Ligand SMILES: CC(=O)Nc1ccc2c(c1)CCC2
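Let's start with one chain on its own, the form deposited without this ligand, as structure tokens.
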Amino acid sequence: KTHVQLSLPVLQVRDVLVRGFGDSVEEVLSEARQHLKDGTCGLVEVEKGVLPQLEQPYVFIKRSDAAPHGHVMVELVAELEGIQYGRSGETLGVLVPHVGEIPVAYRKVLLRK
């Protein structure tokens, strides 16, 4: 399928134990895709002071379109020192490994695989 329905646990930044996916733009996008597929990927909603508490490079989910089955359509954009790899809509948040942290919510999304 070109798209995959996912239910992302929404984590508080201060609960996150592993604060990024790795050390290169291409690695974090690869790791983010592997965690999404294995159901081990969390989502931190971006506000004032959130990104400084996370590790670069960042992986964002951004709105790719304006919502099948209640799932917002999104795609991955990585960022490293102010430069984004990919082009998309509004940020829904930043992806991180999930290692069993208790979420505050779930975000239903349709990821463009």
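A residue's number is simply how far along the shown sequence it sits, counting from 1.
Form deposited with this ligand bound: not shown, discussed below.
**Q** Is residue 108 a contact residue for this ligand in the deposited bound form, using a 4.5 Å heavy atom cut-off?
**A** Residue 108: no contact with this ligand in the deposited bound form.
**Q** Does residue 63 reach this ligand in the deposited bound form, with heavy atoms at most 4.5 Å apart?
**A** No.
**Q** Please run the contact check for residue 46 against this ligand in the deposited bound form: heavy atoms, 4.5 angstroms, yes or no?
**A** Heavy-atom contact with this ligand at 4.5 Å: absent for residue 46.
**Q** Using 4.5 Å between non-hydrogen atoms, is residue 36 touching this ligand in the deposited bound form?
**A** Yes, contact at 4.5 Å.
**Q** Go through 1 to 35 residue by residue and record those having a heavy atom within 4.5 Å of this ligand in the deposited bound form; state none if no residue qualifies.
**A** 4, 6, 33 sit within 4.5 Å of the partner.
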